[PDB]
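Working notes for the structure below.
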Amino acid sequence: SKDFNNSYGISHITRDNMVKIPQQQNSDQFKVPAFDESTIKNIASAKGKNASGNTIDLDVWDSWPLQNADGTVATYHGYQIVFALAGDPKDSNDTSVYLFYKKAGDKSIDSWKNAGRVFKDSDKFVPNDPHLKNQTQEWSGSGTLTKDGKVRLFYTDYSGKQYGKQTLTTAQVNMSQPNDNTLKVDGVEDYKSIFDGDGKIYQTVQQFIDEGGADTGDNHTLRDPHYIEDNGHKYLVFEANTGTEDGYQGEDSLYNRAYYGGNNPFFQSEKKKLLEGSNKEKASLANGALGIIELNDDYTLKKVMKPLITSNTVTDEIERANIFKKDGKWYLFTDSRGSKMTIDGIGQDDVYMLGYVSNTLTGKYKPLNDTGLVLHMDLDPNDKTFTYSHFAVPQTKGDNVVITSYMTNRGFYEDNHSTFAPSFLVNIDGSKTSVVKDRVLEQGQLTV
Ligand SMILES: [Ca+2]
């Protein structure tokens with residue numbers, strides 16, 4: 001029959017595990033901590049110039065810290081460094097990477113100083129690159145402190161003028177200290193594209209267009225590159241979509257048992273509901289993946305590898321790829337919107353962080369807490385303490401990881417700008433994770 005089973009040698013976020021989350025999620029083991037609304041403040045240094053030229057308060061969104069190769073928070077001349085997407089909502093479609101810095105001793109949100117944008121509007125047109133001159137927006141990624149002590153950035157080149165073309169891009173961020181308490185962005189070098197999809201392993205923007213993606217409601221992604229090191233090799237783990245040969249999108253995917261899990265009755269019943277319903281196209285187009293590529297020492301592409309995990313039929317969008325080694329095991333994390341998912345019981349308000357454990361970097365990834373659920377955030381987008389872009393930050397010692405996120409902060413009264421959310425702790429024990437109760441940290445805190 002049309003029924004088949006194709007794993008493609010890779011792990012999968014299965015429908016059976018996802019349908020079990022609703023009846024599991026209502027627990028303080030998974031619930032994102034309730035944040036105290038009165039103590040929420042804007043980032044004081046989040047000042048910037050709008051597209052008009054006037055100085056205004058910026059909305060600060062997705063943020064990532066400068067990391068050591070193993071994932072721990074780096075120390076740069078006595079400073080912790082955070083890269084963050086920021087911009088003016090009055091110019092809705094614009095995100096630029098800003099550099100925030102804080103002395104290691106300081107703790108408050110007021111202590112975070114702003115070095116400004118990493119790139120000038122001119123920087124993208126300087127080097128000889130096949131993609132950079134088409135960039136409309138700067139999107140998320142990662143930052144690593146090299147063995148040479150250089151600030152190495154990885155981010156996403158987004159092109160709105162090229163049908164939403166997303167390219168994994170790198171640059172060395174040249175720094176200086178004008179005084180004893182100030183970091184300055186001097187400029188950038190080694191600014192170049194690395195990877196934008198191959199077609200077979202990861203979907204290109206051309207295939208998106210060619211299948212009529214702009215009308216069908218397809219979501220093309222190739223973003224959020226996260227740097228990691230293992231056995232002397234250098235990798236980027238990133239949000240992507242499957243190519244033609246590792247489980248492509250389309251109707252046939254709904255017949256693939258590997259994406260369902262569970263028993264045959266579950267497969268037959270879940271498939272039947274999916275083929276009949278209004279979620280048929282949505283599930284068919286859903287082919288999210290967490291991809292991995294190896295890099296050369298100069299940070300160019302070395303090898304395009306098969307994905308670590310896919311979310312075929314489940315969702316087309318698995319965001320903020322995160323990976324780190326702990327207790328000899330490899331942990332993989334992803335943020336997911338319930339509004340993008342096709343699962344019964346999961347709704348528009350549900351926002352998740354999912355987690356997976358493997359014995360090797362490229363081995364079989366098994367779901368944490370049985371289902372993959374690690375964090376559940378279901379606060380209305382209108383709430384002041386709404387949080388998004390949850391990211392697990394590994395620590396030097398202890399079993400706890402620090403969770404960072406941005407708080408939209410859209411209240412009717414001041415303060416009212418998207419800011420650093422208060423951080424919190426999550427305990428990791430084997431294939432089990434739990435939120436540490438009543439340990440709410442300072443806004444944008446990286447370490448404990
Ligand atoms: Ca897709």
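The chain is numbered in sequence order, starting from 1. Ligands are counted one by one from 1 in listed order, and the atoms in each one are counted from 1 as well. Because only heavy atoms are used, hydrogens play no part in the values below, and waters and symmetry mates are left out as well, while side chains stay in.
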Before moving on, can you tell me the angle at the Ca ion (ligand 1) between the O atom of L285 and the OD1 atom of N287, to the nearest 10 degrees?
90°
Quick check: of its N, O or S atoms, which one does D218 have closest to the Ca ion (ligand 1)?
OD1
Could you tell me if the ring centre of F391 sits under 6.0 Å from that of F333?
no
Please tell me if the side chains of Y260 and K271 come closer than 4.5 Å, counting only heavy atoms from C-beta onward.
yes
Look at the N, O or S atoms of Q249, main chain and side chain alike, and state whether any lies under 3.0 Å from the Ca ion (ligand 1).
yes
Could you tell me whether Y191 and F119 have their ring centroids closer than 6.0 angstrom?
yes
Is the gap between the ring centers of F238 and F154 under 6.0 Å?
no
